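Before any comments, here is the structure.
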Amino acid sequence: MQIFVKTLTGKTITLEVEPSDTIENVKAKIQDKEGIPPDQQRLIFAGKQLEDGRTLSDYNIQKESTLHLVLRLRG
Amino acid sequence: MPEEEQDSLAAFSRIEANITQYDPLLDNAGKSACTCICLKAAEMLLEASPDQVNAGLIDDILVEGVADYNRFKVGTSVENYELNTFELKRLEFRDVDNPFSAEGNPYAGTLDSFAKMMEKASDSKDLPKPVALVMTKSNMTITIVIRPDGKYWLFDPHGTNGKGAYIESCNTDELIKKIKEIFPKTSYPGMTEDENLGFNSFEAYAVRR
């Protein structure tokens, strides 16, 4: 199924995922497209920052949902 | 005697450190000393009067901030720093009706949303005064002290051209102008979102004493 990720700086990316995919798997797919290390990705859905060990399903993220991505800035 | 006082924010709009010897450390975005020193600046400036903010006080921010940086390296947080070390307390502050925000995360935005953030921050409904914002991008940290009159002290550990460190007294329009010069819009062809986010977004933490 397809989901979308919108970055804070305005880009919308399309990912191919399965509900069983973990958040860490999703972050790795984002890294494959934009080079962002998973440990610095804040993925937001319905106002919660998603945890690496859970699955898209655990968060009831369905097809064509849009996640929101913020980079954890190091300074 | 007045003739024996250092220049301070009680009479000037910009005050500069004398000490430059820490600049290779403060300017190194591969280290987090710049953030440690911004946290020391919030600690020290939140309860200062304008006449106390002289070159000697900024020197003390650098000297004491580097000591705490070193102490942290041997052996509630902001970028992995324990705020207790700075006698600071974190206050919740985020863009609530915005899809990039989550409870407990810092305020996330871009240059286009910086003015809105400051409007919220400067509202004593949202945060008490004085309060400081510690604001980061991928390669720089600053501190914005919101003063009792609602104007600002901008502390920049990078200094002008990477040399020394300064504090500027700013109204809102001046602060926006300065942040656009320190956090400039950055672009080049092929830039990935790792760098777009790193250069063109910010996170801001609210702290008080």
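What the table below lists for this structure:
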| read-out | value |
| --- | --- |
| Hits in the stretch B:49-71 - residues which are crowded, with 19+ Cβ neighbours inside 10 Å and either out of contact with any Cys (no Cβ under 6 Å at 6 or more places or on another chain) or not aromatic (F, W, Y) (or both) | B:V53, B:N54, B:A55, B:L57, B:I58, B:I61, B:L62, B:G65, B:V66, B:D68 |
| Subset of the stretch B:111-131 (residues that are surrounded by fewer than 14 Cβ atoms within 10 Å (Cβ to Cβ) and assigned to a loop (DSSP other than H, G, I, E, B)) | B:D123, B:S124, B:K125, B:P128 |
| Test set (1) more than 10 Å from chain A (Cβ to nearest Cβ); (2) surrounded by 15 or more Cβ atoms within 10 Å (Cβ to Cβ) - B:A108 fails condition number | (1) |
| Close pairs from the stretch B:187-209: first farther than 21 Å from A:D32 by Cα, partner of a type in the set (D, E) and part of a loop (DSSP other than H, G, I, E, B), Cβ under 9 Å, at least 6 apart | B:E203/B:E79; B:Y205/B:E79; B:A206/B:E92; B:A206/B:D126; B:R209/B:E47; B:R209/B:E87 |
| Qualifying residue in the stretch B:24-33 (condition: crowded, with 19+ Cβ neighbours inside 10 Å and more than 22 Å from A:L73 (Cβ to Cβ)) | no |
| Output for the stretch B:27-74, where each listed residue is more than 17 Å from the chain's Cα centre (by Cα) and not in a helix (DSSP H, G or I) | B:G30, B:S49, B:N54, B:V74 |
| Boolean, B:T136 is crowded, with 24+ Cβ neighbours inside 10 Å and out of contact with any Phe, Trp or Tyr (no Cβ under 7 Å at 6 or more places or on another chain) | no |
| Residue ID - nearest to B:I176 (Cα to Cα), chosen from residues in the stretch B:117-143 that are hydrophobic (A, V, I, L, M, F, W, C) and either in contact with a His (Cβ under 9 Å, 6 or more places away or on another chain) or within 14 Å of chain A (Cβ to nearest Cβ) (or both) | B:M117 |
| Selection count, the stretch B:166-208, where residues are in contact with an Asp or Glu (Cβ under 6 Å, 6 or more places away or on another chain) and more than 10 Å from chain A (Cβ to nearest Cβ) | 1 |
| Residue list for the stretch B:153-163, filter: surrounded by fewer than 23 Cβ atoms within 10 Å (Cβ to Cβ) and either within 25 Å of A:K11 (Cβ to Cβ) or away from chain A (no Cβ under 14 Å) (or both) | B:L154, B:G159, B:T160, B:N161, B:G162, B:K163 |
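For neighbour counting, all protein chains shown are included, and Cβ atoms are generated from backbone atoms with ideal geometry for every residue, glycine included. No value in this document is a laboratory result; all are computed from the given coordinates.
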